[PDB]
Participant: 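Okay, here's the structure, questions in a sec.
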Amino acid sequence: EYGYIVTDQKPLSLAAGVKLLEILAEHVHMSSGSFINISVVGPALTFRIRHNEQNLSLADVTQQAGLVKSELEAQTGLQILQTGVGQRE
Amino acid sequence: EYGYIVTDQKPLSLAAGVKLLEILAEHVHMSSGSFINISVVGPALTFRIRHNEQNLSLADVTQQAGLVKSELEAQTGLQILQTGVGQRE
Amino acid sequence: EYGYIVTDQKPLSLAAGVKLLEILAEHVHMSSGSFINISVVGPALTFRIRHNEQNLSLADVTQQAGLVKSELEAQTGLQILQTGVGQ
Amino acid sequence: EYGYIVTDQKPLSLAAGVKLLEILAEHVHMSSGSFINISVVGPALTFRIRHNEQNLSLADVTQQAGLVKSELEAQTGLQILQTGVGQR
Ligand SMILES: [Ca+2]
Ligand SMILES: [Ca+2]
């Protein structure tokens, strides 16, 4: 499974995707480093999450990203169109 | 499934347990009334949630309480000891 | 978001797709009618799930499909290439 | 966070607890040893799960418990009264 955040940036810069993930991490009170397998493709930022002490899942992080999307946006200078969890087995 | 919060109160008051849910409501962007089947028994608050637009689960609200635990404790005069989501089977 | 099962049938029949869903429903102890917005396109079955009592998310049900891959394949008569949730 | 199963046994035996986990592991196709931080306290089994080759969460495994409640009860000779996922 993976988490995703679709932006209004076509395409999305790595700097901006990573900046989003760091602001997001601090908002969920975890290490930035707990976000792994990070990519930006098209307007989309993807990632997975490491086994963390706080115990947040991808469901947890993507949910919170939608809840504070207004502060995430204004911090990063981009718009968040949608968030959620993808899966491929 | 039901959600719970175990406090250090003996017993937890109805006003306090309810306040906890109201604070959670505002953070997860929902009407307090989306919380149903509400009880305070001993030190514990129990509750269910009505189904919603956001795919917000009882899991999302307990995870929310962990992030805002200081703010919940500050507003209701108690310590939060435990949090969770259980299914009577 | 949609759940999908990708098969080795090019294209996949609606009948075969719906059969998969009926076996998946059986094994997650939900009504077949809980799978909504069903389509077969190319080799893929796509679907979503109704908010249900058992509290199974779309990703959770597709994880379960992954766990019963062998049984779905056996009861339907096709190979499953991939299972998951897309955007 | 820990997953938990509350039984009718007071107290729950360590044997019976680890047997519930071994039945569940079989259903989620992982080794029983994938379940870690295992305890039995009074009637309740608690546990966690190694980040896994298959993706499953504590929520996922307790949902699996519900699907196989009768099998679990049939093999362990106890009743399951609650499942869930908690946090100290
Ligand atoms: Ca209200
Ligand atoms: Ca899951």
Side-chain angles (χ1 to χ4, degrees), chain A residues 3 5 20-30 49 52 54-76 78-85, chain B residues 1-9 11-41 43-86, chain C residues 51 55 57, chain D residues 1 59 84-88:
Chain A
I5 303 182
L20 269 175
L21 282 183
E22 294 159 346
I23 297 148
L24 183 44
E26 190 201 31
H27 289 16
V28 309
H29 310 160
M30 289 206 304
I49 190 190
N52 58 291
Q54 182 144 38
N55 277 316
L56 297 169
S57 61
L58 280 163
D60 295 340
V61 292
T62 47
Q63 216 100 40
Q64 178 88 345
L67 284 176
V68 291
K69 70 171 185 180
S70 275
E71 210 231 31
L72 287 164
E73 290 166 336
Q75 279 250 50
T76 314
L78 54 80
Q79 164 214 307
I80 296 161
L81 224 140
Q82 95 180 286
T83 323
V85 157
Chain B
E1 203 132 60
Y2 68 92
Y4 66 91
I5 303 164
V6 186
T7 72
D8 70 332
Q9 299 303 283
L12 173 61
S13 80
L14 181 73
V18 178
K19 189 147 209 306
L20 286 177
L21 295 180
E22 288 168 328
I23 299 164
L24 262 8
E26 287 184 2
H27 276 96
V28 309
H29 299 173
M30 308 187 329
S31 183
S32 289
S34 293
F35 297 109
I36 44 176
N37 300 288
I38 298 160
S39 308
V40 297
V41 178
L45 171 72
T46 52
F47 52 93
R48 325 297 214 104
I49 188 192
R50 198 132 26 114
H51 58 44
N52 62 319
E53 301 266 39
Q54 232 169 353
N55 319 337
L56 268 220
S57 62
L58 283 158
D60 295 320
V61 347
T62 62
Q63 267 90 283
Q64 183 63 61
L67 291 178
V68 293
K69 69 184 297 196
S70 190
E71 170 182 333
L72 294 169
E73 288 185 1
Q75 288 192 53
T76 57
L78 54 76
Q79 260 206 287
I80 288 168
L81 301 173
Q82 297 166 62
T83 260
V85 181
Chain C
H51 280 61
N55 292 299
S57 72
Chain D
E1 278 132 19
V85 172
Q87 158 111 298
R88 214 172 32 251

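The analysis underlying the following values was restricted to heavy atoms, covering all of them including side chains, and did not include hydrogens, waters or symmetry mates. To find a chain, count down the sequence lines: A is the first, B the second, and so on, and within it residues start at 1.
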Participant: Can you list everything that forms a side-chain contact (heavy atoms from CB on, under 4.5 Å) with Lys69(B)? Sequence neighbours excluded, please.
Facilitator: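 With neighbours one apart ignored, the set is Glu73(B).
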Participant: Of the non-hydrogen atoms in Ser13(B) and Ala16(B), which two are nearest, and what is the gap between them?
Facilitator: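 Where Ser13(B) meets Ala16(B) most closely, the heavy atoms are OG-N, 3.0 Å.
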Participant: Nearest 0.5 angstrom please: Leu67(B) CG to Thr62(B) OG1, how far?
Facilitator: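 Separation between the atoms: 10.0 Å.
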Participant: Return the CG to CG distance between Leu45(B) and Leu12(B), rounded to the nearest 0.5 Å.
Facilitator: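 Output value for this atom pair is 6.0 Å.
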Participant: Sequence neighbours left out, what passes side-chain contact (heavy atoms from CB on, under 4.5 Å) with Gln63(B)? Give chain and number order.
Facilitator: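 Partners of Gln63(B) by the side-chain contact (heavy atoms from CB on, under 4.5 Å) criterion, ordered by chain and then number, come out as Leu56(A), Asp60(A), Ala59(B), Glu1(D).
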Participant: Any side chain to side chain donor-acceptor pair (under 3.5 Å) involving residues 77-86 of chain B? Give me the pairs, sequence neighbours left out, ordered by first then second residue.
Facilitator: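 Output for this query is empty, none listed.
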Participant: What's the separation between atom OG1 in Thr46(B) and atom CD1 in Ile5(B), rounded to the nearest 0.5 Å?
Facilitator: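 Taking OG1 in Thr46(B) and CD1 in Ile5(B), the distance rounds to 10.0 Å.
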Participant: Excluding sequence neighbours, so at least two apart, what forms side-chain contact (heavy atoms from CB on, under 4.5 Å) with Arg50(B)?
Facilitator: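 Scan of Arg50(B) (side-chain contact (heavy atoms from CB on, under 4.5 Å), adjacent residues dropped) gives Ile36(B).
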Participant: How would you list, by chain and number, every residue that makes a side-chain contact (heavy atoms from CB on, under 4.5 Å) with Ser31(B), sequence neighbours excluded?
Facilitator: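 side-chain contact (heavy atoms from CB on, under 4.5 Å) check on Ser31(B) returns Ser34(B).
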Participant: Can you list, pair by pair, the side-chain donor-acceptor contacts under 3.5 Å of residues 21-30 of chain B, counting residues two or more places apart and other chains?
Facilitator:
residue	atom	partner	partner atom	Å
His27(B)	ND1	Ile23(B)	O	3.1

Participant: Quick check: closest heavy atoms across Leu72(A) and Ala65(A), and the distance to 0.1 Å?
Facilitator: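 So the minimum-distance heavy-atom pair works out to CD1-O, 3.5 Å.
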Participant: With sequence neighbours excluded, what pairs up with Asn55(A) under the side chain to side chain donor-acceptor pair (under 3.5 Å) test?
Facilitator: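 Result, side chain to side chain donor-acceptor pair (under 3.5 Å) vs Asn55(A): none returned.
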Participant: Which pairs, with at least one residue in residues 43-83 of chain B and sequence neighbours excluded, count as a ring-ring contact (aromatic ring centres under 6.0 Å, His included)?
Facilitator: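 Listed by first then second residue: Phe35(B)-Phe47(B).
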